[PDB]
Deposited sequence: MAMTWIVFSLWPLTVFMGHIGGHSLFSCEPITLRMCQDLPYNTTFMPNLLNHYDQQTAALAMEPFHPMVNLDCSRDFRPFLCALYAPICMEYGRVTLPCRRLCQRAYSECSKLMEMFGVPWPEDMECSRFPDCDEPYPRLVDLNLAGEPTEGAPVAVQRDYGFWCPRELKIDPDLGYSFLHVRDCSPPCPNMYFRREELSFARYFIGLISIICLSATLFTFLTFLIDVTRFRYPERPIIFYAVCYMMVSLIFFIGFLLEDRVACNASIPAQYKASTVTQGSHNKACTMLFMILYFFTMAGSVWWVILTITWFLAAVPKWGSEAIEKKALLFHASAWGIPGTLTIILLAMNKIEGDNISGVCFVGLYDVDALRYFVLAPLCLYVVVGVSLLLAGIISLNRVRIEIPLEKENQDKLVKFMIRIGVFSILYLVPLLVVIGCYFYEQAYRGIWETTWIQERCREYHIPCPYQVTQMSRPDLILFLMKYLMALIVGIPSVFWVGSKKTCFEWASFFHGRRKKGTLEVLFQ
């Protein structure tokens, strides 16, 4: 085992200390070479699209009920920014040289990136969920732009506090984890329990709550487009707003459903990458571990994890 102590210990594979190898960690070398182009070629362009939104935002009576979109854009802007470490340095310190080599829990060479990626990833989801609640108010309630803004400190409290505590709960006795050569410090890439408990579950609960209240908002407006006929001109004028919510919600809920699918795939897969490592390790290399999903699944994993923030552009471009 290329580790013997945290030079917890550093114990990953059912042991006092060990660490899975950095090259050919899971997959074939070839696909890493084109991920080296592709992860950036999608992430930096997604970041370029997302930064324009914040640029326009920094410049229609009030923005109180559309406010969470700004912080959504900021959050996934940062997510894309620190995925841009995919080929930014053209060095891979986060897989430290032979030094906590694979990835160092409780050492600087990894922690400086997980605490931002996980934090902003959770923050963006909470921003979308409370954007759903923001639209829930002033759709079925009788609440105004100023009245909803009066809860803004509670909204910021929840939105920046849930990610804060979910990070606070990942010190020595908890799980800060590594990355592939195409990756940056993040939790759960090698440990299934970290994924199952403190990644997959929050995303699922957020998406569920959003669907709940998003539908109980859109079809709560449904009772108004018809069933009060005196000012027709808004029909197919307020339609632009409803259809914009719908398009935004599709373009958001697609990637999260897909990534939850990918994590459910890994929660039923990684159990066999190991049970056969007893038969691919003890040398260099159920009957096979991975297949064509060697890219076509873990590639759309990162693709959807980055294009969660794309709804911002088709939201802002429909209001000009």
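* Return the ranges of the deposited sequence not covered by C-alpha coordinates, sorted by sequence position. => Deposited residues absent from the model fall in 1-164, 172-174, 227-228, 268-274, 462-467, 503-525.
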